[PDB]
Amino acid sequence: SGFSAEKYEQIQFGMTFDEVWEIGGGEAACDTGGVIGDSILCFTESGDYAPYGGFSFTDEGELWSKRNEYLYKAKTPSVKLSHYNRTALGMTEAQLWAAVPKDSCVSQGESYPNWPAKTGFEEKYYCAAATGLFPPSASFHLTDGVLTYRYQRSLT
């Protein structure tokens, strides 16, 4: 029926708008236009802070960007300010996951900004310190496997 993490995973870079709309669940599950513009947004539930996926397309109609919030929950929410303090812009992905426990994190997005070129591949990780709504967290973005963004809110 409706949108789901499984549908999110079935959606792949390069797919057409129509392909993504179909996989996401079409009219019943997704929307385009208004403030969404040319993009597509699909929610897995009703109400505020529902989990969702957002998909954006190049001028040729091909998927270059996937984003989501809440489609996945960390296996082991456990990130600490101590871990965060041992990250720094420019560190490699290997260094990042040696400093921070990856099981405390999930993906909130991937994109190929130069699609169909695959250079500058961006991955967005969200690491929750606890279960539940609006936990303390850190965010880490990788660009071709190097840390290009780090942020934390309320970590202990």
# chains A, B, ... in the order shown; residues from 1 in each chain; ligands from 1
call {"tool": "select_by_dssp", "arguments": {"residues": "range 4-139 of chain A", "states": "strand (DSSP E or B)", "output": "PyMOL selection string"}}
result
chain A and resi 16+30-31+40-43+52-57+62-69+92+105-111+122-128+137-139
call {"tool": "write_last_selection", "arguments": {"atoms": "C-alpha atoms", "output": "mmCIF file, in the first residue's frame"}}
result
data_model
loop_
_atom_site.group_PDB
_atom_site.id
_atom_site.type_symbol
_atom_site.label_atom_id
_atom_site.label_comp_id
_atom_site.auth_asym_id
_atom_site.auth_seq_id
_atom_site.Cartn_x
_atom_site.Cartn_y
_atom_site.Cartn_z
ATOM 1 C CA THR A 16 12.558 8.675 -13.826
ATOM 2 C CA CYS A 30 3.050 10.821 -2.272
ATOM 3 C CA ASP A 31 2.699 14.433 -3.378
ATOM 4 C CA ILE A 40 8.216 14.109 -4.789
ATOM 5 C CA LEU A 41 7.582 13.649 -1.084
ATOM 6 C CA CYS A 42 6.030 10.474 0.388
ATOM 7 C CA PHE A 43 5.025 9.998 4.062
ATOM 8 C CA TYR A 52 9.035 10.430 4.896
ATOM 9 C CA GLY A 53 11.226 10.157 1.810
ATOM 10 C CA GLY A 54 11.927 13.090 -0.549
ATOM 11 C CA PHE A 55 13.186 12.631 -4.108
ATOM 12 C CA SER A 56 14.582 15.284 -6.456
ATOM 13 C CA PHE A 57 15.203 15.134 -10.190
ATOM 14 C CA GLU A 62 16.312 11.553 -13.427
ATOM 15 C CA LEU A 63 16.660 10.973 -9.653
ATOM 16 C CA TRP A 64 19.821 12.569 -8.251
ATOM 17 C CA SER A 65 18.819 12.960 -4.590
ATOM 18 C CA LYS A 66 17.154 10.873 -1.871
ATOM 19 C CA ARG A 67 16.482 12.151 1.627
ATOM 20 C CA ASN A 68 14.437 10.957 4.555
ATOM 21 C CA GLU A 69 13.714 11.431 8.197
ATOM 22 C CA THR A 92 38.012 9.888 6.284
ATOM 23 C CA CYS A 105 23.497 5.967 13.175
ATOM 24 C CA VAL A 106 21.252 5.665 10.147
ATOM 25 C CA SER A 107 21.067 7.258 6.712
ATOM 26 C CA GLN A 108 18.992 10.362 6.172
ATOM 27 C CA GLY A 109 20.043 10.751 2.575
ATOM 28 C CA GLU A 110 22.331 10.137 -0.422
ATOM 29 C CA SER A 111 22.824 12.273 -3.516
ATOM 30 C CA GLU A 122 27.089 12.830 -0.586
ATOM 31 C CA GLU A 123 25.853 10.624 2.264
ATOM 32 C CA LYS A 124 24.033 12.037 5.266
ATOM 33 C CA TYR A 125 24.141 10.200 8.588
ATOM 34 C CA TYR A 126 22.042 10.904 11.671
ATOM 35 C CA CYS A 127 23.221 9.419 14.929
ATOM 36 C CA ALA A 128 20.690 9.331 17.806
ATOM 37 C CA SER A 137 21.935 13.580 18.205
ATOM 38 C CA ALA A 138 24.840 14.157 15.906
ATOM 39 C CA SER A 139 24.809 14.549 12.115
#
call {"tool": "atom_distance", "arguments": {"atom1": "CA of residue 22 in chain A", "atom2": "CA of residue 4 in chain A"}}
result
12.8 Å
call {"tool": "residues_around", "arguments": {"residues": "residue 93 in chain A", "least_positions_apart": "5", "cutoff": "8 Å", "atoms": "only C-alpha atoms", "output": "number ranges by chain"}}
result
A: 142, 145-147
call {"tool": "write_last_selection", "arguments": {"atoms": "C-alpha atoms", "output": "PDB file, in the first residue's frame"}}
result
ATOM      1  CA  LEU A 142      30.397  12.421   3.844  1.00  0.00           C
ATOM      2  CA  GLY A 145      34.086   9.272   1.705  1.00  0.00           C
ATOM      3  CA  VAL A 146      35.452  12.351   3.515  1.00  0.00           C
ATOM      4  CA  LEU A 147      33.761  14.208   6.381  1.00  0.00           C
TER       5      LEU A 147
END
call {"tool": "closest_residue", "arguments": {"among": "A:24, A:71, A:78, A:129", "to": "residue 12 in chain A", "atoms": "only C-alpha atoms"}}
result
A:24
call {"tool": "atom_distance", "arguments": {"atom1": "CA of residue 95 in chain A", "atom2": "CA of residue 144 in chain A"}}
result
13.8 Å
call {"tool": "closest_residue", "arguments": {"among": "A:21, A:101, A:72, A:112", "to": "residue 6 in chain A", "atoms": "only C-alpha atoms"}}
result
A:72
